[PDB]
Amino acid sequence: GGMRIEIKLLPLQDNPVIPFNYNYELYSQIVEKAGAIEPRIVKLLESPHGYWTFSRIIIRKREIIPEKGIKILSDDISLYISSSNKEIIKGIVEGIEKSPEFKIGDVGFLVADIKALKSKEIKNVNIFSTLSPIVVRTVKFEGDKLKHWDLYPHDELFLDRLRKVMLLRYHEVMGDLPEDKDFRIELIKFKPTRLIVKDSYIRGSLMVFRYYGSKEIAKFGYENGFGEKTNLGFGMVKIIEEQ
């Protein structure tokens, strides 16, 4: 069943401005903290198959400062993390309880609280909303090397690519392919995003979509994120009753 948690963050400085592209730095700290308590889950945490996922830092009141970052205008800040593997979550929770400080750019944060969220029931039909951008890629030509091409819901290959990615990740993480491998989605809301992850741009979709199909895959995406690069802080979604 895995677990989903909410981490409340308290900035040490007032009205700080954090950079927009903090994914790799945040990812690194979580892995570093979890590894200190259980070196054996580091391999799972760093695997590109996405054994877990995390959201973007959710700030209740923010202001986008072009060419500077995100200006925090509130102490109500949350970071959500999820995984189908309870052992991963316990490693992360314990790791953070022991080392409660996070550095995002030049802004420091203190973990103010860690709460387990209720894992909602997953059905054959669900309305999902992104907490972090969904990344779905394909391979396109670029000189003498294969370059990854980021897709969006309006792209013809999006759905088939998403389907393949989910099946591949499910096999690696769960151990075998899901009995029901089929699903479709219908876009409700959409906005493209671009983020630098370590040294490269990763383009994804912030979106609200209705999912139809395989319950096994819906549950997997809900717990481990939809799409690719989930362990780097992508593809996390929440369930909404109607929106």
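Throughout, we count residues from 1 along the sequence that is shown.
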Comparing 42 to 50 with 63 to 71, the higher average Cα temperature factor in the PDB entry belongs to 63 to 71
When mean C-alpha B-factors in the record are compared for 221 to 229 and 6 to 14, the larger belongs to 6 to 14
Max C-alpha B-factor within the set 132, 84, 138, 129 falls on 138
Specify which of 26, 208, 37, 195 carries the largest Cα B factor in the deposited PDB entry. 37
Split the chain's modelled residues into thirds by Cα B-factor; residue 184 lands in the middle
Comparing against every modelled residue in the chain, figure out the third that the C-alpha B-factor of residue 33 lands in (lowest, middle or highest). middle
Splitting the chain's C-alpha B-factors into thirds, which one does residue 152 fall into? middle
Thinking about Cα B factors across the chain, which third does residue 117 belong to? highest
With respect to C-alpha B-factor, does residue 239 fall in the lowest, middle or highest third of the chain as deposited? middle
